[PDB]
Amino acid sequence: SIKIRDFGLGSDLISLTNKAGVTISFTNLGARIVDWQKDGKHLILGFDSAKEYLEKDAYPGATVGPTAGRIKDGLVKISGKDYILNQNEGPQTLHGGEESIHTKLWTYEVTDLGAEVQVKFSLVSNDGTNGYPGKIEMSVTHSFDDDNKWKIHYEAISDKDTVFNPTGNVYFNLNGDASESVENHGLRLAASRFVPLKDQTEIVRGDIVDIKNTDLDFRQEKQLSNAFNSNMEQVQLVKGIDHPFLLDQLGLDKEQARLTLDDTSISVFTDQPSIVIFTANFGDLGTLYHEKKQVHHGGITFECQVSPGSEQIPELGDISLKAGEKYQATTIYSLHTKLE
């Protein structure tokens, strides 16, 4: 079933319930996932109205871009030319600059295919918006099916050569409560390398580091507490994890990561080369979710995209988007429940 209701400020809340009784809900404010629940429990972090997102934290569950992550000095080179993007975190451009796409009301259309339902969100980024050449016509399709698969498919076309590398910013928390650390979750991740950060500004350090046999090796399932209790300088630096991990094998068919808590597990699939993992290292901030004060480590992201830092480490990839080329990306979050 599908239900649409007012979510505040003119935004809509679109709720999808599949054959299994699982409910997922989105908002056009930022083409974003708001909730995901099973047997009354929330699997992800989210607020109860549009206003909360705007007042508390506008990132959770949102489509972020045009470029996801931090860009050093807000500088990108396009067709050999330097362009300075909006700077919203010191001199860096984080998640596309201030008042970006995650804060706009996108238009949308719902398509019911029975076993699957799709919600197609659309937005036009005008040429020059926040320094980005365009216009960029963007669409994000969130779908949900009877096999409990939540899929995100991105598409874009630009009138001019530009840069494009968005991501989905959902935070998972299988405890179903923000006041509870994810340290008890088990994580598996098919990546042998990571991208260290230079310092507290969080720009990339410049190198690619092998993590095999370190507190960050999750090639083999492991509990989060291990990473959290590690003394690696990179962990210590951010007080948790806040880094890009480089996937060993690319392809949408491979399960790239798996998050588990008891009989409940989330599998991640993507066609992207990296996953940025951030463990809600907010200290005592205590943002409130459903009346519960969030704790440090009270959430974890799986941001699938081209790794941030390619401006300094070209090996990571290239986020350019040439005029007239069609950009496509797909990320899938699959939910499973262990039957005894």
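The numbering used is simple: start at 1 and walk along the sequence shown.
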- request: Going by the average Cα B-factor in the PDB entry, point out whether 125-133 or 189-197 comes out higher.
  value: 189-197
- request: Output the stretch having the higher mean C-alpha B factor in the entry; the candidates are 205-213 and 155-163.
  value: 205-213
query: Which listed residue, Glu221, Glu109, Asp112, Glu99, has the largest C-alpha temperature factor in the record?
result: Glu221
- prompt: From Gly65, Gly46, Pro314, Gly298, pick the one with the largest CA B-factor in the entry?
  reply: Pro314
message: Can you tell me whether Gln305 has a C-alpha B-factor in the lowest, middle or highest third compared with the other modelled residues of the same chain?
response: lowest
query: Where does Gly30 sit by CA temperature factor within its chain: lowest, middle or highest third?
result: lowest
- line: So, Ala280's CA B-factor, relative to its chain, sits in which third? The middle
message: How does the C-alpha B factor of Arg258 compare with the rest of the chain: lowest, middle or highest third?
response: middle
field: Ranked C-alpha temperature factor of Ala20 among modelled chain residues, by third
entry: highest
